[PDB]
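Coming up is one lone chain in structure tokens, specifically the form deposited in one PDB entry.
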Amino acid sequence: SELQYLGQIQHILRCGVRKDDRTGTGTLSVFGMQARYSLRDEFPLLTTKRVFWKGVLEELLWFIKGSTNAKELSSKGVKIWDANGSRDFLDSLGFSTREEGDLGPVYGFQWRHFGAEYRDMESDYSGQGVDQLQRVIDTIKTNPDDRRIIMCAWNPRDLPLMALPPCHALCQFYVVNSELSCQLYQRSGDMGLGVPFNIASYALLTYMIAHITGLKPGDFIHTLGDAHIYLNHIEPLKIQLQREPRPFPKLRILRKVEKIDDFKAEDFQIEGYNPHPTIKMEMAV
């Protein structure tokens, strides 16, 4: 299972093409990739390097709340969005009227209030827009065979207002044999930094909706568009490529939860996670 990610790293270091990007450092890029990660009695948290599990859990809770405020996530101890919500970074894109911390209409706003007119991060959008997340959960409950269970974060109208366009832009759910599966289309994948984070994120989301809809987790299909390795990540990934993968851990929910909003960080417990030491990989801004 984890051999698919490491096999994607091998294929990009060997067959990747040089390609400049938005940031400064170039990449080795490959277009069009797909890997399948089983969720049956295991959770896909990479073992060749310690993955920031506390950030995955808190960011998803921050996603489910519908918040677009990096400070509310930073208050929990997760600074991954502080960079993209700084006065320096915000002023660069022409959002000088915008208060610090407002990422604009991003994943949390599109998941719960798709189509509503975005005011600011402190507004109240309850009853406005399309609540895709709850609509997904309802369809799985009443019509699991439906082929239209999609949560889309790519809004061409709200694109000029986002600090960073959605990278995991579209996901689709699927039910058969009382197993819930999820396929994610990621338009842009930082194979060293974001991709392991995104894999655990949507795997955790599948466990949540499976717990709500009374199903067993099945497969997570990760579909990549531009899969790229930043130049300053080549050396750290070559080290991680030498480490022997260890068996995946397991995720256990500790209390029966009925609504998706009532999930708390204390409800989850990762058991048997024995990863290799963390490898530093700098973020390209």
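We call the rigid core whatever largest set of C-alpha positions still superposes within 1.5 Å between the two forms. One rule holds for the numbers: they count along the sequence shown, beginning at 1.
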Taking only the other compared entries that model residues on either side of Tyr107, decide whether it is unmodelled in at least a third of them. no
Over the set of other compared entries for this protein, does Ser96 lack coordinates in at least a third of them? yes
Give the stretch, out of 179 to 187 and 155 to 163, with the larger mean C-alpha temperature factor in the deposited entry. 155 to 163
Give the stretch, out of 168 to 176 and 91 to 99, with the larger mean C-alpha temperature factor in the deposited entry. 91 to 99
Would you please rank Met283 by its C-alpha temperature factor against the other modelled residues of its chain and give the third it falls in: lowest, middle or highest? highest
Taking the chain's C-alpha temperature factors as the reference, tell me which third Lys216 falls into: lowest, middle or highest. lowest
Splitting the chain's C-alpha B-factors into thirds, which one does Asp138 fall into? middle
Chain-wide C-alpha B factor ranking for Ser67, given as lowest, middle or highest third: highest
Ordered by C-alpha B-factor within the chain, which third holds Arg36? Give me lowest, middle or highest, please. lowest
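The following text describes the form deposited in another entry, which does not appear among the structures shown.
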When the rigid core of both forms is overlaid, which of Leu193, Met151, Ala163, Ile137 is the one whose C-alpha moves 2 angstroms or more between the shown form and the other one? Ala163
A 3 angstroms or greater change in CA distance between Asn198 and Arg157 is reported in the other form. Closer or farther than in this form? closer
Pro156 and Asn198, C-alpha gap in the other form relative to this structure (3 Å or more): closer
